[PDB]
Amino acid sequence: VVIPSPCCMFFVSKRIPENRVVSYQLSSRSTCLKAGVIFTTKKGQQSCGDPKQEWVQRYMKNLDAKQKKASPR
């Protein structure tokens with residue numbers, strides 16, 4: 001899937017447990033006041049994650065090898 005360019009209202013109080021998160025949704029827009037990523041839990045939740053944190057980049061790092069099916073090589 002691919003998120004369009006939505007936004008958020010607040011930043012997660014902290015990171016998330018990889019055992020609960022499933023995938024994020026980057027939302028870089030100018031009409032908004034700030035820019036961050038949106039993560040979601042496997043239970044059906046959705047929290048906005050900040051890129052300044054390493055759990056967004058970390059998840060986003062492993063998520064890139066899954067979603068973006070580059071190649072088997």
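Our subject is the structure that appears above.
These remarks concern the structure in this document. (Residues numbered from 1 in each chain as written, not as in the entry; some residues may be left out. Heavy atoms only, no water.)

## Structural notes on the state of the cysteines
Logical step 1: Inspection of every chain in the model, using the stated rule, returns two disulfides.
Logical step 2: Shown here is the disulfide that connects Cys7 with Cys32, its sulfur atoms set 2.0 Å apart. Here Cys7, found in the segment before β1 (21-26), pairs with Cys32, found in the loop between β1 and β2 (37-41); they are 25 residues apart in sequence, far enough to count as distant.
Logical step 3: Its relative accessible area of 38% is what places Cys7 among the partly exposed residues.
Logical step 4: With relative accessibility at 22%, the residue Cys32 sits in the partly exposed group.
Logical step 5: Within the chain, bonded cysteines paired by disulfides and numbered along the sequence follow the pattern 1-3, 2-4. (Disulfide = S-S within 2.5 Å. Helix = DSSP H or I, 4+ residues; strand = E, 2+ residues; numbered from the N terminus. Buried < 20%, exposed > 50% of the residue type's maximum accessible area, 1.4 Å probe, protein only.)

## Thoughts on the packing of aromatic side chains
Logical step 1: The full count for this structure, using the stated rule, is four aromatic pairs.
Logical step 2: Ring geometry for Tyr24 against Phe39: centres 5.6 Å apart, planes inclined by 40 degrees, an arrangement best described as tilted. A residue pair is termed long-range when its members are at least 10 positions apart, and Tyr24 in strand β1 and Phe39 in strand β2 qualify at 15 residues.
Logical step 3: Note on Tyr24: relative accessible area 18%, which makes it buried. (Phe/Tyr/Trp six-rings, centres within 6.5 Å; stacked < 30°, edge-to-face > 60°.)

## Points about the side chain of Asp50
Logical step 1: Inspection of the secondary structure assignment puts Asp50 in the loop between β3 (47-49) and α1 (54-66).
Logical step 2: There is no salt bridge for the buried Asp50, and the closest opposite charge comes from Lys52, which lies 6.0 Å off by N-O distance.
Logical step 3: From its side chain, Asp50 meets the backbone nitrogen of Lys52 in a polar contact 2.6 Å long.
Logical step 4: Other than its neighbours up to four places away in sequence, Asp50 contacts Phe11, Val12, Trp55 and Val56. (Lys, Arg positive; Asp, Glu negative; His and termini not counted. Salt bridge = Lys/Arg side-chain N within 4 Å of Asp/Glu carboxyl O. Polar contact = N/O pair within 3.5 Å; in protein donor to acceptor, adjacent residues only side chain to side chain. Contact = heavy atoms within 4.5 Å.)

The quantities given are spatial measurements derived from coordinates; they are silent on function.
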